[PDB]
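Down below is the structure, laid out as structure tokens.
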Amino acid sequence: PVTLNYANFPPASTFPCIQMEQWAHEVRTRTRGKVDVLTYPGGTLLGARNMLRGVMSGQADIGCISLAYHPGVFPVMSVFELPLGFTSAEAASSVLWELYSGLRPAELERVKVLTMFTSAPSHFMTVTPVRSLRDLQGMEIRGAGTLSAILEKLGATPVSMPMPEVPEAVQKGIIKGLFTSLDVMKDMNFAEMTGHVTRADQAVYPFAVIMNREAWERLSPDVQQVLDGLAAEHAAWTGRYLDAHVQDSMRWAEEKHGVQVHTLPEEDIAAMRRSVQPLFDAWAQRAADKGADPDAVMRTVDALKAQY
Ligand SMILES: O=C(O)Cc1c[nH]c2ccccc12
């Protein structure tokens, strides 16, 4: 009987926390009680910025990081912060895990990765309506990592910060909106702060569930096969729950808070995609400078997408 503390950073109602709870439930079940998990949601054990170095301290056995909160640190897996044309968190979460399983980039060698998943595709949630690219101009919008560099290519003024700091940045007028997936309209009640939603069909935010290496090595081989055996299912499950939850979330926001939804013209969309193309090369260049094979990574992205 061994018990693992699992640090998380956002409120318990948000999807990073819902997936942690479902994960914990499967570990208890599949190990027939041999493993238990005590979860600390809402940043009570570790928060968003001390998540990684704190899992590695051993201050918590397991944690959940958003790759985009750590610029430079993940030269390979940050490809998953580019617009890879995904339209569901299910598909993207699955392809992300396979791409990680099959390559094991050294950026992530100092911890043990238990599973990976993403957000749904990003859209604009703003306090004033955005009906064109022109409206985006100069408007401070929250992103992180490469989703900020995307905001920037589109002409908005990106402000990088983790999700928990976002409600307060909006309220105090430091940002005018946020660029991410629509589950937060409910799970963080952005429906009471940003009454407008514009379709972007943009890049996802990728997450990794990590574990302290020494903690992982103190697990027997049998318990280890249980956690490795849970990884791919759980990635898909997390992606599938979120695609459903995004619908409910937006249903609630419209009929209980009168959210207004807008779309951009096709010529604005065309042009925004042309605007972000240079990020693929800059991503390819930082990976190479770090000793990675971006050509290989993109070849593996392509091939995985033609399955999932
Ligand atoms: O925007 C992000 O930081 C990624 C993201 C999307 N939905 C979230 C819910 C809780 C915490 C992080 C996220």
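Simple scheme: letters A, B, ... for chains in structure tokens order, numbers from 1 for residues in each chain, numbers from 1 for ligands in the order shown.
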Residue contacts of stretch 70-75 of chain A (7 Å, only C-alpha atoms) excluding same-chain residues fewer than 3 positions away, as a compact mmCIF listing (two decimals) with N, CA and C atoms, in the first residue's frame:
# COMPACT_ATOMS: atom_id res chain seq x y z
N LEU A 67 2.50 22.61 -21.26
CA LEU A 67 3.78 22.85 -21.94
C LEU A 67 3.98 24.33 -22.24
N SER A 78 6.67 21.18 -28.28
CA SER A 78 6.01 22.45 -28.55
C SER A 78 5.50 22.57 -30.00
N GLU A 107 14.17 16.53 -23.57
CA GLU A 107 13.59 17.67 -22.84
C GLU A 107 12.74 17.15 -21.65
N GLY A 145 2.90 30.73 -24.39
CA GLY A 145 3.86 30.15 -25.30
C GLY A 145 3.55 30.53 -26.72
N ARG A 286 14.49 26.19 -33.72
CA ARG A 286 14.87 26.09 -32.32
C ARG A 286 15.04 24.63 -31.97
N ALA A 287 14.24 23.76 -32.58
CA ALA A 287 14.40 22.33 -32.32
C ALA A 287 15.76 21.86 -32.80
| message | Can you tell me which residues surround stretch 270-272 of chain A at a distance of at most 10 Å, considering only C-alpha atoms, apart from same-chain residues fewer than 5 positions away, and format the answer as a PyMOL selection string? | response | chain A and resi 133+150-151+153-155+200+265+277
Next on the checklist: Show me which residues line ligand 1, defined as having an atom within 7 Å of a ligand atom where only C-alpha atoms and all ligand atoms count, and present them as a PyMOL selection string.
Outcome noted: chain A and resi 10+14-16+66+119+143-144+162-163+179-181+183-184+205
Could those residues be written to a file, using N, CA and C atoms, as a CSV table (one decimal), in the first residue's frame?
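Final output, result04.csv:
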chain,number,residue,atom,x,y,z
A,10,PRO,N,-5.3,24.3,-11.6
A,10,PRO,CA,-6.5,25.1,-11.8
A,10,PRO,C,-7.7,24.6,-10.8
A,14,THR,N,-12.4,22.4,-13.5
A,14,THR,CA,-11.8,22.5,-14.8
A,14,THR,C,-11.2,21.1,-15.3
A,15,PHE,N,-10.9,21.0,-16.6
A,15,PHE,CA,-10.7,19.7,-17.2
A,15,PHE,C,-9.4,19.1,-16.7
A,16,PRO,N,-8.3,19.9,-16.6
A,16,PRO,CA,-7.1,19.2,-16.0
A,16,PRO,C,-7.3,18.5,-14.7
A,66,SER,N,1.2,22.5,-18.1
A,66,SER,CA,0.9,23.0,-19.5
A,66,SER,C,2.2,23.3,-20.2
A,119,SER,N,-5.9,20.6,-24.7
A,119,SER,CA,-7.1,21.4,-24.7
A,119,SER,C,-7.8,21.1,-26.1
A,143,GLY,N,-2.6,34.7,-24.0
A,143,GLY,CA,-2.3,33.4,-24.5
A,143,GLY,C,-1.1,32.9,-23.6
A,144,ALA,N,-0.4,31.9,-24.1
A,144,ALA,CA,0.8,31.4,-23.5
A,144,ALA,C,1.6,30.6,-24.6
A,162,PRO,N,-0.6,32.1,-16.9
A,162,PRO,CA,-1.3,30.8,-16.6
A,162,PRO,C,-2.8,31.1,-16.4
A,163,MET,N,-3.6,30.0,-16.5
A,163,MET,CA,-5.0,30.2,-16.5
A,163,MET,C,-5.5,30.8,-15.1
A,179,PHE,N,-7.4,33.7,-25.3
A,179,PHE,CA,-7.3,32.8,-26.5
A,179,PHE,C,-7.0,31.4,-26.1
A,180,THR,N,-8.0,30.6,-26.0
A,180,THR,CA,-8.0,29.2,-25.6
A,180,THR,C,-9.3,28.5,-25.8
A,181,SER,N,-9.6,27.4,-25.2
A,181,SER,CA,-10.8,26.6,-25.5
A,181,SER,C,-11.9,26.9,-24.6
A,183,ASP,N,-14.3,25.5,-22.8
A,183,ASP,CA,-14.7,24.9,-21.5
A,183,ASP,C,-14.6,25.9,-20.3
A,184,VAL,N,-13.7,26.8,-20.4
A,184,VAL,CA,-13.6,27.9,-19.3
A,184,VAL,C,-14.7,28.9,-19.2
A,205,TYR,N,-3.5,23.7,-26.6
A,205,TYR,CA,-2.5,23.8,-25.5
A,205,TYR,C,-2.2,22.4,-25.0
**Residue among A:215, A:56, A:68, A:130 lying closest to residue A:260, counting only C-alpha atoms** =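 Selected residue with least distance to residue A:260: A:130.
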Using only C-alpha atoms, the residue out of A:305, A:196, A:131, A:240 with shortest distance to residue A:117 is A:240
Determine, using only C-alpha atoms, which residues of stretch 63-152 of chain A have any atom at most 12 Å from an atom of stretch 40-46 of chain A, and tabulate each with its shortest atom pair and distance in Å to one decimal place, rows ordered by chain and then rising number, as CSV.
residue,atom,partner,partner_atom,distance
A:63,CA,A:46,CA,8.1
A:64,CA,A:46,CA,9.8
A:65,CA,A:46,CA,10.6
**Item:** Residues near residue A:218, cut-off 12 Å, only C-alpha atoms, skip fewer than 4 positions along chain, as number ranges by chain
**Value:** A: 2-4, 61, 211-214, 222-224
Same residues, N, CA and C atoms, saved as a PDB file, in the first residue's frame:
ATOM      1  N   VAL A   2       0.778   1.977  -1.122  1.00  0.00           N
ATOM      2  CA  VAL A   2       1.555   3.190  -1.359  1.00  0.00           C
ATOM      3  C   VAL A   2       0.579   4.286  -1.815  1.00  0.00           C
ATOM      4  N   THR A   3       0.813   5.525  -1.403  1.00  0.00           N
ATOM      5  CA  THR A   3      -0.093   6.628  -1.703  1.00  0.00           C
ATOM      6  C   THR A   3       0.697   7.749  -2.359  1.00  0.00           C
ATOM      7  N   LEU A   4       0.212   8.223  -3.499  1.00  0.00           N
ATOM      8  CA  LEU A   4       0.932   9.234  -4.249  1.00  0.00           C
ATOM      9  C   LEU A   4       0.169  10.545  -4.220  1.00  0.00           C
ATOM     10  N   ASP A  61       4.605  13.839  -5.808  1.00  0.00           N
ATOM     11  CA  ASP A  61       5.001  12.707  -6.635  1.00  0.00           C
ATOM     12  C   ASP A  61       4.580  12.886  -8.115  1.00  0.00           C
ATOM     13  N   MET A 211       5.762  12.621 -13.366  1.00  0.00           N
ATOM     14  CA  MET A 211       6.010  12.041 -12.059  1.00  0.00           C
ATOM     15  C   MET A 211       7.505  12.128 -11.715  1.00  0.00           C
ATOM     16  N   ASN A 212       7.803  12.428 -10.458  1.00  0.00           N
ATOM     17  CA  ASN A 212       9.155  12.339  -9.920  1.00  0.00           C
ATOM     18  C   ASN A 212       9.825  10.998 -10.243  1.00  0.00           C
ATOM     19  N   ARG A 213      10.981  11.031 -10.903  1.00  0.00           N
ATOM     20  CA  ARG A 213      11.653   9.791 -11.310  1.00  0.00           C
ATOM     21  C   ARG A 213      11.910   8.814 -10.169  1.00  0.00           C
ATOM     22  N   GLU A 214      12.429   9.317  -9.058  1.00  0.00           N
ATOM     23  CA  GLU A 214      12.784   8.431  -7.956  1.00  0.00           C
ATOM     24  C   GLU A 214      11.486   7.835  -7.388  1.00  0.00           C
ATOM     25  N   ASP A 222       5.090  -4.485 -11.741  1.00  0.00           N
ATOM     26  CA  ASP A 222       3.677  -4.786 -12.013  1.00  0.00           C
ATOM     27  C   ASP A 222       2.820  -3.515 -11.946  1.00  0.00           C
ATOM     28  N   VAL A 223       3.093  -2.666 -10.951  1.00  0.00           N
ATOM     29  CA  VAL A 223       2.339  -1.439 -10.755  1.00  0.00           C
ATOM     30  C   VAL A 223       2.696  -0.475 -11.862  1.00  0.00           C
ATOM     31  N   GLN A 224       3.935  -0.566 -12.325  1.00  0.00           N
ATOM     32  CA  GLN A 224       4.404   0.251 -13.433  1.00  0.00           C
ATOM     33  C   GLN A 224       3.680  -0.065 -14.766  1.00  0.00           C
TER      34      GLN A 224
END
(Q) Show me, as a PyMOL selection string, the residues that have an atom within 12 Å of residue A:248 when counting only C-alpha atoms, minus same-chain residues fewer than 4 positions from it. (A) chain A and resi 182-187+241-244+252-256
Residues from last step as file, N, CA, C and O atoms, as a compact mmCIF listing (two decimals), in the first residue's frame:
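The resulting file, selection29.txt, is reproduced below:
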# COMPACT_ATOMS: atom_id res chain seq x y z
N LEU A 182 -13.15 26.63 -25.02
CA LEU A 182 -14.35 27.26 -24.50
C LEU A 182 -14.94 26.63 -23.25
O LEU A 182 -15.93 27.14 -22.73
N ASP A 183 -14.33 25.55 -22.78
CA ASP A 183 -14.69 24.92 -21.50
C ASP A 183 -14.65 25.91 -20.33
O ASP A 183 -15.47 25.86 -19.45
N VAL A 184 -13.69 26.83 -20.36
CA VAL A 184 -13.56 27.85 -19.32
C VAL A 184 -14.73 28.87 -19.22
O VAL A 184 -14.84 29.59 -18.24
N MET A 185 -15.56 28.97 -20.25
CA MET A 185 -16.70 29.86 -20.21
C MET A 185 -17.57 29.42 -19.03
O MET A 185 -18.08 30.25 -18.30
N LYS A 186 -17.65 28.12 -18.80
CA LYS A 186 -18.34 27.60 -17.63
C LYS A 186 -17.45 27.32 -16.38
O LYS A 186 -17.72 27.80 -15.27
N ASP A 187 -16.40 26.53 -16.59
CA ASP A 187 -15.58 26.04 -15.48
C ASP A 187 -14.79 27.14 -14.80
O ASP A 187 -14.23 26.94 -13.71
N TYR A 241 -13.82 13.68 -23.15
CA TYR A 241 -14.62 14.36 -22.13
C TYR A 241 -14.67 15.86 -22.47
O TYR A 241 -15.71 16.51 -22.43
N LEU A 242 -13.54 16.41 -22.84
CA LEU A 242 -13.49 17.81 -23.10
C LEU A 242 -14.30 18.25 -24.34
O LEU A 242 -14.92 19.29 -24.31
N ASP A 243 -14.28 17.47 -25.41
CA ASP A 243 -15.09 17.81 -26.59
C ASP A 243 -16.58 17.87 -26.23
O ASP A 243 -17.28 18.77 -26.67
N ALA A 244 -17.06 16.91 -25.44
CA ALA A 244 -18.44 16.94 -24.95
C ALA A 244 -18.69 18.14 -24.02
O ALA A 244 -19.69 18.85 -24.16
N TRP A 252 -24.54 26.57 -21.99
CA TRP A 252 -24.85 27.24 -20.74
C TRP A 252 -24.58 28.73 -20.84
O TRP A 252 -25.31 29.55 -20.27
N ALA A 253 -23.54 29.08 -21.58
CA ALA A 253 -23.08 30.45 -21.62
C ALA A 253 -24.04 31.27 -22.45
O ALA A 253 -24.36 32.40 -22.09
N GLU A 254 -24.52 30.68 -23.54
CA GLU A 254 -25.49 31.35 -24.40
C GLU A 254 -26.87 31.50 -23.71
O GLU A 254 -27.40 32.61 -23.63
N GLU A 255 -27.45 30.42 -23.21
CA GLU A 255 -28.82 30.56 -22.71
C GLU A 255 -28.92 31.01 -21.24
O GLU A 255 -30.02 31.31 -20.78
N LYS A 256 -27.81 31.12 -20.53
CA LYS A 256 -27.87 31.64 -19.17
C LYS A 256 -27.10 32.92 -18.98
O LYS A 256 -27.20 33.53 -17.92
From atom CA of residue A:178 to atom CA of residue A:21 the spacing works out at 26.4 Å
Q | Shell around residue A:22 at 9 Å using only C-alpha atoms, local window under 4 positions removed, as a list in words | A | residues 17, 18, 26, 27, 234 and 238 of chain A
Produce a table with one row for each residue of stretch 33-149 of chain A that has an atom at most 12 Å from any atom of stretch 188-193 of chain A, each row naming the nearest atom pair and its distance in Å at one decimal; use only C-alpha atoms; arrange rows by chain and rising residue number; format as a tab-separated table.
residue	atom	partner	partner_atom	distance
A:124	CA	A:190	CA	11.6
A:125	CA	A:190	CA	8.2
A:126	CA	A:193	CA	8.3
A:127	CA	A:193	CA	6.8
A:128	CA	A:193	CA	10.3
What would the file look like if the residues just selected were written as a PDB file, in the first residue's frame with N, CA and C atoms?
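Saved file part-v1.pdb follows:
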ATOM      1  N   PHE A 124     -11.432  32.909 -29.614  1.00  0.00           N
ATOM      2  CA  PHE A 124     -11.349  34.177 -28.886  1.00  0.00           C
ATOM      3  C   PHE A 124     -12.539  34.350 -27.959  1.00  0.00           C
ATOM      4  N   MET A 125     -12.253  34.732 -26.714  1.00  0.00           N
ATOM      5  CA  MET A 125     -13.270  35.081 -25.738  1.00  0.00           C
ATOM      6  C   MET A 125     -12.956  36.489 -25.346  1.00  0.00           C
ATOM      7  N   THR A 126     -13.804  37.429 -25.736  1.00  0.00           N
ATOM      8  CA  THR A 126     -13.479  38.841 -25.538  1.00  0.00           C
ATOM      9  C   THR A 126     -14.604  39.617 -24.888  1.00  0.00           C
ATOM     10  N   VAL A 127     -14.284  40.769 -24.311  1.00  0.00           N
ATOM     11  CA  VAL A 127     -15.290  41.638 -23.685  1.00  0.00           C
ATOM     12  C   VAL A 127     -16.054  42.490 -24.695  1.00  0.00           C
ATOM     13  N   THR A 128     -15.414  42.835 -25.810  1.00  0.00           N
ATOM     14  CA  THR A 128     -16.123  43.464 -26.919  1.00  0.00           C
ATOM     15  C   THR A 128     -16.140  42.523 -28.128  1.00  0.00           C
TER      16      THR A 128
END
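Minimum atom-to-atom distance to residue A:267, evaluated using only C-alpha atoms, belongs to A:134 out of A:147, A:296, A:134, A:246.
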Correct to one decimal, the distance atom CA of residue A:237-atom CA of residue A:202 is 21.3 Å
The distance between atom CA of residue A:121 and atom CA of residue A:103 is 24.2 Å
DSSP on the backbone: which residues in stretch 77-261 of chain A end up as strand (DSSP E)? Give the answer as a PyMOL selection string. chain A and resi 111-118+122-126+140-143+157-160+177-180+196-202+206-212+260-261
For the selection just defined, write its residues with N, CA and C atoms to a file, as a CSV table (one decimal), in the first residue's frame.
chain,number,residue,atom,x,y,z
A,111,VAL,N,12.0,13.6,-15.8
A,111,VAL,CA,10.8,13.1,-15.1
A,111,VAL,C,10.3,11.9,-15.9
A,112,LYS,N,9.3,11.3,-15.2
A,112,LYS,CA,8.5,10.2,-15.8
A,112,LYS,C,7.2,10.7,-16.3
A,113,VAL,N,6.9,10.5,-17.6
A,113,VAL,CA,5.6,11.0,-18.1
A,113,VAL,C,4.6,9.8,-18.1
A,114,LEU,N,3.5,10.0,-17.5
A,114,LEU,CA,2.5,9.1,-17.3
A,114,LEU,C,1.4,9.1,-18.4
A,115,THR,N,1.2,10.2,-18.9
A,115,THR,CA,0.2,10.4,-20.0
A,115,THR,C,0.2,11.8,-20.5
A,116,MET,N,-0.4,12.0,-21.6
A,116,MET,CA,-0.5,13.4,-22.2
A,116,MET,C,-1.8,13.6,-22.8
A,117,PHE,N,-2.2,14.9,-22.9
A,117,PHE,CA,-3.5,15.3,-23.5
A,117,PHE,C,-3.4,16.8,-23.8
A,118,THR,N,-4.4,17.3,-24.6
A,118,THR,CA,-4.5,18.7,-24.9
A,118,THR,C,-5.8,19.3,-24.6
A,122,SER,N,-8.4,26.4,-29.9
A,122,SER,CA,-8.6,27.7,-29.3
A,122,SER,C,-9.5,28.6,-30.1
A,123,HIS,N,-10.2,29.5,-29.4
A,123,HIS,CA,-11.1,30.5,-30.0
A,123,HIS,C,-10.9,31.8,-29.2
A,124,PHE,N,-11.4,32.9,-29.6
A,124,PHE,CA,-11.3,34.2,-28.9
A,124,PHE,C,-12.5,34.3,-28.0
A,125,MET,N,-12.3,34.7,-26.7
A,125,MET,CA,-13.3,35.1,-25.7
A,125,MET,C,-13.0,36.5,-25.3
A,126,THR,N,-13.8,37.4,-25.7
A,126,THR,CA,-13.5,38.8,-25.5
A,126,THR,C,-14.6,39.6,-24.9
A,140,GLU,N,-5.3,43.7,-26.3
A,140,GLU,CA,-4.6,42.8,-25.4
A,140,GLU,C,-5.3,41.5,-25.2
A,141,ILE,N,-4.7,40.4,-25.5
A,141,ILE,CA,-5.3,39.1,-25.4
A,141,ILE,C,-4.4,38.1,-24.7
A,142,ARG,N,-4.8,37.5,-23.7
A,142,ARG,CA,-4.1,36.4,-23.0
A,142,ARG,C,-3.9,35.1,-23.9
A,143,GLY,N,-2.6,34.7,-24.0
A,143,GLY,CA,-2.3,33.4,-24.5
A,143,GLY,C,-1.1,32.9,-23.6
A,157,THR,N,-2.2,42.2,-29.2
A,157,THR,CA,-1.1,42.3,-28.3
A,157,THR,C,-1.2,41.2,-27.2
A,158,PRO,N,-0.3,40.2,-27.4
A,158,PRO,CA,-0.3,39.1,-26.5
A,158,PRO,C,0.2,39.3,-25.1
A,159,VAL,N,-0.5,38.8,-24.1
A,159,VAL,CA,-0.1,38.9,-22.7
A,159,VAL,C,0.0,37.4,-22.2
A,160,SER,N,1.2,36.9,-21.9
A,160,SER,CA,1.3,35.5,-21.5
A,160,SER,C,1.1,35.4,-20.0
A,177,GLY,N,-9.5,40.1,-23.3
A,177,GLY,CA,-10.0,38.7,-23.7
A,177,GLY,C,-8.9,37.7,-23.6
A,178,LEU,N,-9.2,36.5,-24.0
A,178,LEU,CA,-8.4,35.3,-23.8
A,178,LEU,C,-8.5,34.4,-25.0
A,179,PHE,N,-7.4,33.7,-25.3
A,179,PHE,CA,-7.3,32.8,-26.5
A,179,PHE,C,-7.0,31.4,-26.1
A,180,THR,N,-8.0,30.6,-26.0
A,180,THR,CA,-8.0,29.2,-25.6
A,180,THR,C,-9.3,28.5,-25.8
A,196,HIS,N,-18.5,37.9,-25.4
A,196,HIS,CA,-18.4,37.6,-26.8
A,196,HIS,C,-17.4,36.5,-27.1
A,197,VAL,N,-17.8,35.6,-28.1
A,197,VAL,CA,-17.0,34.5,-28.5
A,197,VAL,C,-16.8,34.5,-30.0
A,198,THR,N,-15.6,34.6,-30.5
A,198,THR,CA,-15.3,34.5,-31.9
A,198,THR,C,-14.5,33.2,-32.3
A,199,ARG,N,-15.0,32.5,-33.3
A,199,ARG,CA,-14.4,31.3,-33.8
A,199,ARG,C,-13.1,31.6,-34.5
A,200,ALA,N,-12.1,30.9,-34.0
A,200,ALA,CA,-10.7,31.0,-34.6
A,200,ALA,C,-10.2,29.6,-35.1
A,201,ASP,N,-10.8,28.5,-34.6
A,201,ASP,CA,-10.3,27.1,-35.0
A,201,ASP,C,-8.8,27.0,-34.9
A,202,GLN,N,-8.2,27.5,-33.8
A,202,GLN,CA,-6.7,27.6,-33.7
A,202,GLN,C,-6.1,26.4,-32.9
A,206,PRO,N,-1.0,22.0,-25.1
A,206,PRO,CA,-0.7,20.6,-24.7
A,206,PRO,C,-0.2,20.4,-23.2
A,207,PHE,N,-0.7,19.3,-22.6
A,207,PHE,CA,-0.3,19.1,-21.2
A,207,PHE,C,0.4,17.8,-21.1
A,208,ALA,N,1.3,17.7,-20.1
A,208,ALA,CA,1.9,16.4,-19.7
A,208,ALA,C,1.6,16.1,-18.3
A,209,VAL,N,1.2,14.9,-18.0
A,209,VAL,CA,1.2,14.5,-16.6
A,209,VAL,C,2.5,13.8,-16.3
A,210,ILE,N,3.3,14.4,-15.4
A,210,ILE,CA,4.7,14.0,-15.0
A,210,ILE,C,4.7,13.4,-13.6
A,211,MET,N,5.8,12.6,-13.4
A,211,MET,CA,6.0,12.0,-12.1
A,211,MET,C,7.5,12.1,-11.7
A,212,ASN,N,7.8,12.4,-10.5
A,212,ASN,CA,9.2,12.3,-9.9
A,212,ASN,C,9.8,11.0,-10.2
A,260,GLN,N,-22.7,36.2,-27.0
A,260,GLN,CA,-22.8,36.4,-28.4
A,260,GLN,C,-21.6,35.7,-29.1
A,261,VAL,N,-21.9,35.0,-30.2
A,261,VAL,CA,-20.9,34.3,-30.9
A,261,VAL,C,-20.8,34.9,-32.3
